[PDB]
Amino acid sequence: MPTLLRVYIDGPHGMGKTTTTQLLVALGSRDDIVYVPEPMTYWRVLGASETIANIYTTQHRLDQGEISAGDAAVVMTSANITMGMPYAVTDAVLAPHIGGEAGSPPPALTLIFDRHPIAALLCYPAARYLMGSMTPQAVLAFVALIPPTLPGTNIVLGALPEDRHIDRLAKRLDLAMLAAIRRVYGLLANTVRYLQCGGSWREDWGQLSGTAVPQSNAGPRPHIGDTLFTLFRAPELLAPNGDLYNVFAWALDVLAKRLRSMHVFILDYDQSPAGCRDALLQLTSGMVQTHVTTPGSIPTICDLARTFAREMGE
């Protein structure tokens, strides 16, 4: 059976993920590498009217004190359903074709995705919770809906000094949001690593008590205060005993299950587009490939990707 290499490029917006990814696709043979792009058209038209604008306008309104935190959360929660739709539908139709993990000879097909389901089911929500525009309950609700992690889930997150990032981003201008999203993804990288080194949130929960003070596949085990777990020490989720309600505890259990088997890689975006491209292309060497389930899975996957790209990525 042919082998497949799925690679999800994710991380804070504005680092050059899109530019880079296409440079990567450009180099490959026409048909042995397909790109599932950002579904902009679904966010601006198909699923709803100008979703990105509504998000930014609401955060701005909230900041100005024109609407309440509750009003903002409803809007943000609702908008996040639209933002994550295409990732979730694509994951559900693609899953059946993924077989077991083959190994780190060239893959018959290579699927480059612009973001992974967790961007919308974990990362953006958590960032919005840090911005005060989303409840911690809604965040964990999204987390509980994260699809089972299939074998060969290779994710690439990005590295970029904040000044370089601000610069690159700056052509609404929300630097607090940029910081938030930056912290969320840092935490995420630490969380996979924490999970892969044996970290048990239930065992280290007691080590959290405090406030706010990154590698994904290298280094020692991070302190739980440096992982996504710290975010959920919110008073809304805590009971009279001081411990988390089980509903939320189970959601953190889901979070750990989902992130422990993922393969995370860091791409240094502080270089030219071609550098990033050559950079990303060299990381593919250590990513895990998987077998497809049917002999005709390759073409089906190709159709899906092209159709997705044509209908939703511009």
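A residue's number is simply how far along the shown sequence it sits, counting from 1.
Per the record, residue 218 and residue 219 are directly connected, as no deposited residue between them is missing from the model. For the pair 125-133 and 156-164, the record assigns the higher mean C-alpha temperature factor to 156-164. Across the two stretches, 280-288 and 258-266, the PDB entry reports the greater mean Cα temperature factor for 280-288. Per the PDB record, 34 has a higher Cα B-factor than any other of 69, 46, 34, 252. Each of 174, 236, 226, 114 has a CA temperature factor in the record; the biggest one is found at 174.
Among the modelled residues of its chain, residue 199 has a C-alpha B-factor that falls in the lowest third, as given in the PDB entry. The deposited CA B-factor of residue 9 belongs to the lowest third of values across its chain. Per the deposited record, the Cα B-factor of residue 104 falls in the highest third when ranked against the other modelled residues of its chain. Ranked against the other modelled residues of its chain, the C-alpha B-factor of residue 211 as given in the entry falls in the highest third.
Compared with the other modelled residues of the chain, the Cα B-factor recorded for residue 53 ranks in the middle third.
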